[PDB]
Amino acid sequence: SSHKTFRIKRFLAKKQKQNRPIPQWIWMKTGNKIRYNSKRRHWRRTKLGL
Amino acid sequence: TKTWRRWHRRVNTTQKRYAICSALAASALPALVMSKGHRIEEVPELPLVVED
Amino acid sequence: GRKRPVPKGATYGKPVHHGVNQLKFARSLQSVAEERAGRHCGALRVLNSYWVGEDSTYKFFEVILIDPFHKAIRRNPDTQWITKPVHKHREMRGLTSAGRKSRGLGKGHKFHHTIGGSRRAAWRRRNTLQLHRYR
Amino acid sequence: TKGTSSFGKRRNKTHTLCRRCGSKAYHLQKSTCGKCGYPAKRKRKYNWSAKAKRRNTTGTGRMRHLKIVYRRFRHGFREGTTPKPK
Amino acid sequence: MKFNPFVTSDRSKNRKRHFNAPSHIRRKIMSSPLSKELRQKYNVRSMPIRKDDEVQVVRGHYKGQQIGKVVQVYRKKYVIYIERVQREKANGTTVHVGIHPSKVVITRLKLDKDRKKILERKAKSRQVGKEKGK
Amino acid sequence: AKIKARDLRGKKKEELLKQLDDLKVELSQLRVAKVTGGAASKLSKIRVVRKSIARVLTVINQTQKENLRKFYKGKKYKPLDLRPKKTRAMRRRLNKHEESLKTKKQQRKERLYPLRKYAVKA
Amino acid sequence: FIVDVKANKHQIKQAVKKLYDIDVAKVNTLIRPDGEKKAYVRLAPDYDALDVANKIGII
RNA sequence: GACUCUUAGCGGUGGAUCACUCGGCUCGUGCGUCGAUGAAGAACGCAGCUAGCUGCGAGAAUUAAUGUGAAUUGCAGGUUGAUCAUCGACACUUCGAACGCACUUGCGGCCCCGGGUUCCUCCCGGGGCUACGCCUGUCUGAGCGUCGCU
RNA sequence: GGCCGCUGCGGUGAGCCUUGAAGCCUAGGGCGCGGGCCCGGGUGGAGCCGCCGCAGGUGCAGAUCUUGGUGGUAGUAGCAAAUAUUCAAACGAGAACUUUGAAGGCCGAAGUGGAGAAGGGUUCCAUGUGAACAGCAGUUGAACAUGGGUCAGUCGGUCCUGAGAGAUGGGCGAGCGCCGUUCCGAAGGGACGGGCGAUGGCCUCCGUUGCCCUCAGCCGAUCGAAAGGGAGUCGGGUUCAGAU
RNA sequence: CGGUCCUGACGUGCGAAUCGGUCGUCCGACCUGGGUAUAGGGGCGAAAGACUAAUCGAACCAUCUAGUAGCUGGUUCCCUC
RNA sequence: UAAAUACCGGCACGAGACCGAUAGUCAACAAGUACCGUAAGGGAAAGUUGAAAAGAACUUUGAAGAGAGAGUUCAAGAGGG
RNA sequence: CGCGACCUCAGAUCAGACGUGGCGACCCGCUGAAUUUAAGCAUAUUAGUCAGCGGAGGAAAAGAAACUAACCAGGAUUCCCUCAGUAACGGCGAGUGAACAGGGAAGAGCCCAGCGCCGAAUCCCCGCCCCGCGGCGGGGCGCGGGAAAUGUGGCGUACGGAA
Ligand SMILES: [Mg+2]
Ligand SMILES: [Mg+2]
Ligand SMILES: [Mg+2]
Ligand SMILES: [Mg+2]
Ligand SMILES: [Mg+2]
Ligand SMILES: [Mg+2]
Ligand SMILES: [Mg+2]
Ligand SMILES: [Mg+2]
Ligand SMILES: [Mg+2]
Ligand SMILES: [Mg+2]
Ligand SMILES: [Mg+2]
Ligand SMILES: [Mg+2]
Ligand SMILES: [Mg+2]
Ligand SMILES: [Mg+2]
Ligand SMILES: [Mg+2]
Ligand SMILES: [Mg+2]
Ligand SMILES: [Mg+2]
Ligand SMILES: [Mg+2]
Ligand SMILES: [Mg+2]
Ligand SMILES: [Mg+2]
Ligand SMILES: [Mg+2]
Ligand SMILES: [Mg+2]
Ligand SMILES: [Mg+2]
Ligand SMILES: [Mg+2]
Ligand SMILES: [Mg+2]
Ligand SMILES: [Mg+2]
Ligand SMILES: [Mg+2]
Ligand SMILES: [Mg+2]
Ligand SMILES: [Mg+2]
Ligand SMILES: [Mg+2]
Ligand SMILES: [Mg+2]
Ligand SMILES: [Mg+2]
Ligand SMILES: [Mg+2]
Ligand SMILES: [Mg+2]
Ligand SMILES: [Mg+2]
Ligand SMILES: [Mg+2]
Ligand SMILES: [Mg+2]
Ligand SMILES: [Mg+2]
Ligand SMILES: [Mg+2]
Ligand SMILES: [Mg+2]
Ligand SMILES: [Mg+2]
Ligand SMILES: [Mg+2]
Ligand SMILES: [Mg+2]
Ligand SMILES: [Mg+2]
Ligand SMILES: [Mg+2]
Ligand SMILES: [Mg+2]
Ligand SMILES: [Mg+2]
Ligand SMILES: [Mg+2]
Ligand SMILES: [Mg+2]
Ligand SMILES: [Mg+2]
Ligand SMILES: [Mg+2]
Ligand SMILES: [Mg+2]
Ligand SMILES: [Mg+2]
Ligand SMILES: [Mg+2]
Ligand SMILES: [Mg+2]
Ligand SMILES: [Mg+2]
Ligand SMILES: [Mg+2]
Ligand SMILES: [Mg+2]
Ligand SMILES: [Mg+2]
Ligand SMILES: [Mg+2]
Ligand SMILES: [Mg+2]
Ligand SMILES: [Mg+2]
Ligand SMILES: [Mg+2]
Ligand SMILES: [Mg+2]
Ligand SMILES: [Mg+2]
Ligand SMILES: [Zn+2]
């Protein structure tokens, strides 16, 4: 909704910040096993709770 | 499996000493020692005793 | 006395446990008094208590409490034992005289079900299968 | 209208996030937390849920003060002194 | 046989410690033996490798008698790079081939005050050990 | 050049503050350059400037607190910051003198019947 | 400008006056969906925003 | 000749077996330490390029000091001590027993400073206080409670 | 009774092994009544076995057994609720579906229109791509990747109380705590004004003041509505996405 | 707002109760949003054992619990007597 | 009012006729994680290139995925699950 | 009427302290079932057990006989072996169930109130001076302030004690 609280807006801001693909320069580290970000979140599919 | 399985055993002192005596008696026979596999062919005397 | 706090006297179970009226409390009223006195006075320490009066519906007791951080107590070598942390809330753990009275502890053939630290300690010592390595 | 049709009328929530434990279990009309009982002074914890007991205990968080406490105990809680200057 | 009751023979524990050692322990692990002449003239058998020492390769495909200068000590991968031990990539770029310091023999040390202090400490320890033994 | 901490102990609070302000101005300029798009050199110097800020501030704080400890050293009542922060139990325990003082009766008992040193022939 | 979430318009105006030696007419503020708080700072009519941007370093 | 069946070779799908193991499980040993000087737990932020994990707290992948002594590394960047380890000095955002009142982050009170005033009041910013119970002492009180003097 | 089979331990085989161990496949040669075993060929790349004893989480075809994978069905059932598409051009490697123009239609103002509340949380805007997704296809997208975007004294929250929830006093309770909302409370920290004592401002007159004199009921702290109560903004322009 | 009949459509559906035509009421014992109160042997019920988050002739979650079963199913190599 | 006594939590340790990735803790890996439920709570799957990336320059058909050659390697019959 | 004591009771953002909450493997105090067994079931059993509540420590609790015994007597507490599946309990069914003595590990005892006698001989706090100072203590000085006779300190406690 357009009517938000400061706390809920801040929480949504953090989740939006962390919804991001990985940078490719980490893929070239020595002991790196990560291939993609497996904690992605599409708005339509996963509804984030709340 | 449980930790209170009977792990240890109990043997009488008399037959423990019996077994020690039997082992010592067997350890003085070249046939038995060579059967156990030791290379004692050049050993002068089997109950090999050296000074103190 | 103490009645069983059960909704509308409905103890769902066997008939042996159906009573709610004529029940009694294990601890004494003096011990209950000391307990709530110490509970309100959290920073103080309870020593003992005595009886000062009673009517049909009430009993009255006076509880003797000690402030453990007063220097007049801290510097006295014969009463600084109360300042040790092991004596914190004696009346809660039943260490005062009234609490000890309801624990059934003492020397002799009458108190056989308490030999050891306490009743629970005796029960635990008796109900344990000692399994030696060689049995 | 027992199922699919009635699922469409659900549009206002009964729980929000609570200040103490941060879980969506703060009942709004009750004003009480379903997980920790926030208004109560004491933490809500029960012995019939070992999984719930271990999900959020001393071993699960940051240990901000208590790990430093362990490190200082290893040397005996020294204060006021500094290592011998070069 | 090991008699100290406070160190492990546990294979897993030794592997974990070796592969998780911090950098100042990696330095101690990355030790190479000095040449015969240096060993005779310093009474020290080994020295942790440094960035600018002349060395030789003793084992592998690159073994030989040439004297190579260390380029960098790559402590993360437990390898060191020498100035002419390198292969050819596909495009035409020359990259270095890592070699473990235990397969490398030091030829001329890079001396400074702290290195000299280490050498004299090790020499004194061996002298006192030999005096005790004999 | 390279701002260190040894050459800052002997200084004075006012030039410490002015150096801190200059460093903060430099950091602000570096952040503007970062957001507008600048050189990797400046981008790398950002962290150096931040650490210089940190060490200037810690030198200031350490000098202030040691001076304040000297001020309150002789007094009986001092701030909770300047009191020793051991564990709570060790703050509540009986102090060394009063857990060692003893009653006259049992000290007389000790002085009248000291525990002797003796041996018994086999 | 982008400022922190704990700043109000009075503090923003005073900080701009202190840092850049300019006069400030009015301040609009909003909190972006990212979490940072943007600020729109209008200047007095006798200052020139182009010149202020030139001196600050943005262009 | 098509189609179907069996067999073998080869090639697919699939991840069985074998060998590995910075993981567990069990036993034993020493120590046996939280919090109003603000704990456990939660939230939010911090890297030149950084999502998660990890570390940290507006001094924010750490400062100071001690020891070691030439690196970090995926890419850039510029020995009078880089990096690691130790850790005794400093510092430590908002909630949380959580403490001005409420829990929107809303509304206050008292005192002292710098802007305003040139204290005359406003207004702005900053700092220090402002919870419950309780012990000792202090001050101010109350009572047709027991008295004494007038 | 097993010189049948599996895993580990104590002894033994001067046992085997990168000139190739385990495992796997085999229209190869055999042995044993059988459990099974030994050789040959290929693959594979680091460990394995015989005999004497010891120990056991020790042998599968079934349990509408558990987990994982794969078949026939089968290129089958199906992609059929709400009237409908057509011509030409452009981009493009590629057009039934994208876009533009033209034609024919539908919703028909209780709309397939223009705007909000709850709820969602970046889906909104531009560019780029066409691996995956949009049950055909896509040059398209609410997909993917880069970047942007939400501006208030006068819109609302903020304030009030409503039905109701809830502390202190009090009562009850082994206890965490509960009842209770004016009921068993010494429940006011305010002030018209006068005096007393100190202070600053040209100590004028006033202000900030501590005390005395005097005056004084709250229906009970506190919470409770973005649709109730509640002073105060309208017109024109402006973006790609914001406008009282 | 509701849900008679076709016992129509569908019945591995559009849908774990929907669709069409036909139907009942439509100024009141009327329809409805938000707030609020009542909690499990309890609530609430113009009363059908109805409803109480697809669950109701006693909800849901964890534990006691690996509850008991004179009852169904299964129970792993060979040869010899 | 010490000692002899108890200890599946915590800080360090040492060992094992134990399991060896459908096993052993649910968790050998970004595991109380992803995800599900309004909530109390429920809760996974997932190890292995090579000694060393030397991770396939370059030529060519195709829009491209994708191929045919060339090359590294002892081995691509190890080509980024 | 006023003033001054004492007694009971109030308000302080008065000076200085203390409690709250967490973990909970072990410990202390309350509360306390039903599956199950009895081939049914109600006493009994499960079981003073799980669940629930409160309170600590590095250990806790207990502890120096209002004891055991009936002997030629032993001698605080706690733990191990045995006593012993015994005496006893039990629809005397199912089932349950100690202690004394003996051998060991450890080994340590003490203090008040009261009766009495000592010019309250007792304690806390504020101020100065000197030293010490990261456990706030020692000493000197105050015609300094309180607590206490409605009883502080010394001797003294059943093994007797005092003069
Ligand atoms: Mg949806
Ligand atoms: Mg009963
Ligand atoms: Mg009871
Ligand atoms: Mg005691
Ligand atoms: Mg009695
Ligand atoms: Mg509701
Ligand atoms: Mg609790
Ligand atoms: Mg040694
Ligand atoms: Mg005495
Ligand atoms: Mg075949
Ligand atoms: Mg697999
Ligand atoms: Mg594989
Ligand atoms: Mg970041
Ligand atoms: Mg440093
Ligand atoms: Mg250094
Ligand atoms: Mg509100
Ligand atoms: Mg290998
Ligand atoms: Mg086994
Ligand atoms: Mg099978
Ligand atoms: Mg068909
Ligand atoms: Mg259709
Ligand atoms: Mg029509
Ligand atoms: Mg619209
Ligand atoms: Mg619309
Ligand atoms: Mg769009
Ligand atoms: Mg498609
Ligand atoms: Mg305007
Ligand atoms: Mg309000
Ligand atoms: Mg209440
Ligand atoms: Mg309103
Ligand atoms: Mg309104
Ligand atoms: Mg019907
Ligand atoms: Mg039908
Ligand atoms: Mg059909
Ligand atoms: Mg009721
Ligand atoms: Mg009705
Ligand atoms: Mg009926
Ligand atoms: Mg029920
Ligand atoms: Mg079952
Ligand atoms: Mg039968
Ligand atoms: Mg050992
Ligand atoms: Mg697997
Ligand atoms: Mg597993
Ligand atoms: Mg496997
Ligand atoms: Mg396996
Ligand atoms: Mg594999
Ligand atoms: Mg390997
Ligand atoms: Mg090969
Ligand atoms: Mg291979
Ligand atoms: Mg105070
Ligand atoms: Mg507590
Ligand atoms: Mg039965
Ligand atoms: Mg039966
Ligand atoms: Mg029955
Ligand atoms: Mg019964
Ligand atoms: Mg019983
Ligand atoms: Mg329990
Ligand atoms: Mg503790
Ligand atoms: Mg004790
Ligand atoms: Mg006695
Ligand atoms: Mg017997
Ligand atoms: Mg019993
Ligand atoms: Mg005995
Ligand atoms: Mg002894
Ligand atoms: Mg006396
Ligand atoms: Zn909560």
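Residues numbered from 1 in each chain as written, not as in the entry; some residues may be left out. Chains lettered and ligands numbered in written order. Part of a larger assembly, values for the part shown. Heavy atoms only, no water.

- As deposited, the entry is annotated with cryo-EM as its determination method and 3.1 Å as its resolution.

1. Regarding the interface of chain C and chain F
Here is step 1: Facing the nine residues of chain C at the interface are eight residues of chain F.
Here is step 2: Approximately 680 Å² of surface area, both sides summed, lies buried where chain C meets chain F, with 56% of it carried by carbon and sulfur atoms.
Here is step 3: Three residues stand out in chain C for area buried against chain F, namely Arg74, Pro77 and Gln80 of chain C, and they jointly supply 58% of the buried area on that side.
Here is step 4: Here chain C and chain F share two salt bridges between them.
Here is step 5: For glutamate 98 of chain F, the salt bridge goes to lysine 71 of chain C, with nearest N and O atoms at 3.7 Å.
Here is step 6: Counting the contacts that link chain C with chain F gives two residue pairs in polar contact.
Here is step 7: Taken together, the residues that form the side of chain C that touches chain F break down as two nonpolar, two polar and five charged. (Contact = heavy atoms within 4.5 Å. Buried area = accessible area lost by both parts, 1.4 Å probe. Salt bridge = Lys/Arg side-chain N within 4 Å of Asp/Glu carboxyl O. Polar contact = N/O pair within 3.5 Å; in protein donor to acceptor, adjacent residues only side chain to side chain. Nonpolar A, V, L, I, M, F, W, Y, C, P; charged D, E, K, R; others polar.)

2. Comments concerning the protein's contact with RNA strand H
Here is step 1: Around RNA strand H sit 103 residues in total, of which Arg7 of chain A, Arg19 of chain D, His24 and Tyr74 of chain E together with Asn61 of chain F are the nearest.
Here is step 2: A total of 15 residues in the surface near RNA strand H trace back to one element, the largest contributor, which is helix α2 (residues 40-72) of chain F.
Here is step 3: For the surface near RNA strand H, the class distribution of residues is 29 nonpolar, 28 polar and 46 charged. (Near = heavy atom within 4 Å. Helix = DSSP H or I, 4+ residues; strand = E, 2+ residues; numbered from the N terminus.)

3. A few points about the environment of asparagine 8 of chain G
Here is step 1: Topologically, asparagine 8 of chain G is positioned in the loop between β1 (2-3) and α1 (9-20).
Here is step 2: Sequence-wise, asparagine 8 of chain G and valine 27 of chain G are 19 residues apart; in three dimensions their C-alpha atoms are separated by 9.5 Å.

4. Digging into the packing of aromatic side chains
All names here are of chain F.
Here is step 1: Per the stated rule, a full pass over the model turns up five aromatic pairs over all chains.
Here is step 2: When the ring of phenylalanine 71 is compared with that of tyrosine 72, the centres are 4.9 Å apart and the planes differ by 85 degrees; the resulting orientation is edge-to-face.
Here is step 3: We classify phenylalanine 71 as exposed; its relative accessible area is 57%.
Here is step 4: Note on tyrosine 72: relative accessible area 22%, which makes it partly exposed. (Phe/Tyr/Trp six-rings, centres within 6.5 Å; stacked < 30°, edge-to-face > 60°. Buried < 20%, exposed > 50% of the residue type's maximum accessible area, 1.4 Å probe, protein only.)

5. Let's talk about the side chain of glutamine 80 of chain C
Here is step 1: Looking at the element boundaries, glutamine 80 of chain C is found in the loop between α2 (71-74) and α3 (90-93).
Here is step 2: With relative accessibility at 10%, the residue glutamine 80 of chain C sits in the buried group.

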